[PDB]
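A short worksheet on the structure shown next.
What follows is calculated from the coordinates using simple rules that are stated; it is not laboratory data. Heads up, the Cβs are rebuilt from the backbone with ideal geometry, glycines too, and the neighbour counts pull from every protein chain shown.
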Amino acid sequence: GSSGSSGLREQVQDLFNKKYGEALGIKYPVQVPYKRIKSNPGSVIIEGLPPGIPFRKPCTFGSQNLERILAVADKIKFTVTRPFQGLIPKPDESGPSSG
């Protein structure tokens with residue numbers, strides 16, 4: 001499974017997406033039910049977001065706000081009321097650090 005982004009919004013638009021897979025436990029990149037998330041706010045809860053950036057679409061967020069989101073992209077935590085599917089969790093990924 002490969003991935004690629006091109007643009008802040010894109011990065012985020014994907015972030016919340018990729019993250020989703022985790023919220024559910026999936027391993028592959030799943031899509032977020034924006035519609036349902038729009039029509040029904042009681043779908044997926046988003047927390048950990050940065051200060052000044054509420055749990056909403058990145059479309060309403062500017063490059064600035066985004067730059068932040070992607071920053072706390074780790075903080076951002078999605079909640080899926082629905083039950084699990086079946087797949088061991090993967091807390092943190094780790095890797096090289098810039099500093």
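So, of the residues in the range 52-73 that are of a type in the set (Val, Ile, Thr) and touching a helix residue (DSSP H, G or I) at 6+ places or on another chain (Cβ under 6 Å), which turns out to be surrounded by the most Cβ atoms within 10 Å (Cβ to Cβ)?
Ranking the qualifying residues of the range 52-73, first place goes to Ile69.
Would you check if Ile76 is among the β-branched types (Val, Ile, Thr), in contact (Cβ under 8 Å) with a residue 60 or more places away in the chain and either touching a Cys at 6+ places or on another chain (Cβ under 9 Å) or surrounded by 14 or more Cβ atoms within 10 Å (Cβ to Cβ) (or both)?
Numbers: among the β-branched types (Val, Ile, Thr): yes; in contact (Cβ under 8 Å) with a residue 60 or more places away in the chain: yes; either touching a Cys at 6+ places or on another chain (Cβ under 9 Å) or surrounded by 14 or more Cβ atoms within 10 Å (Cβ to Cβ) (or both): yes.
Spelling it out, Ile76 is indeed among the β-branched types (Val, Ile, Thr), in contact (Cβ under 8 Å) with a residue 60 or more places away in the chain and either touching a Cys at 6+ places or on another chain (Cβ under 9 Å) or surrounded by 14 or more Cβ atoms within 10 Å (Cβ to Cβ) (or both).
Would you mention how many residues in the range 1-30 are under 18 Å from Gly86 (Cα atoms) and of a type outside the set (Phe, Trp, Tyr)?
Qualifying residue count for the region: 11.
Can you find, within the range 10-51, the residue that is surrounded by the fewest Cβ atoms within 10 Å (Cβ to Cβ) among those that are touching a helix residue (DSSP H, G or I) at 6+ places or on another chain (Cβ under 7 Å), of a type outside the set (A, V, I, L, M, F, W, C) and within 20 Å of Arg68 (Cβ to Cβ)?
Filtering the range 10-51 for residues that are touching a helix residue (DSSP H, G or I) at 6+ places or on another chain (Cβ under 7 Å), of a type outside the set (A, V, I, L, M, F, W, C) and within 20 Å of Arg68 (Cβ to Cβ), the one surrounded by the fewest Cβ atoms within 10 Å (Cβ to Cβ) comes out as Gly48.
Any residue in the range 37-49 that is out of contact with any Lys or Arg (no Cβ under 7 Å at 6 or more places or on another chain) and under 20 Å from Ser6 (Cα atoms)?
Within the range 37-49, none of the residues are out of contact with any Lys or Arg (no Cβ under 7 Å at 6 or more places or on another chain) and under 20 Å from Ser6 (Cα atoms).
Which ones in the range 80-97 are over 21 Å from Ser43 (Cα atoms) and either charged (D, E, K, R) or in contact with a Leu (Cβ under 9 Å, 6 or more places away or on another chain) (or both)?
Listed by number, the residues that qualify are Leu87, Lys90, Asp92, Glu93.
Looking at the range 83-93, is at least one residue surrounded by 11 or more Cβ atoms within 10 Å (Cβ to Cβ) and touching a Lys or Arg at 6+ places or on another chain (Cβ under 9 Å)?
yes
I'd like the full set of residues that are touching a residue at least 12 places away in the same chain (Cβ under 8 Å), of a type in the set (S, T, N, Q) and closer than 18 Å to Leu8 by Cβ, limited to the range 43-73.
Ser63, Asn65
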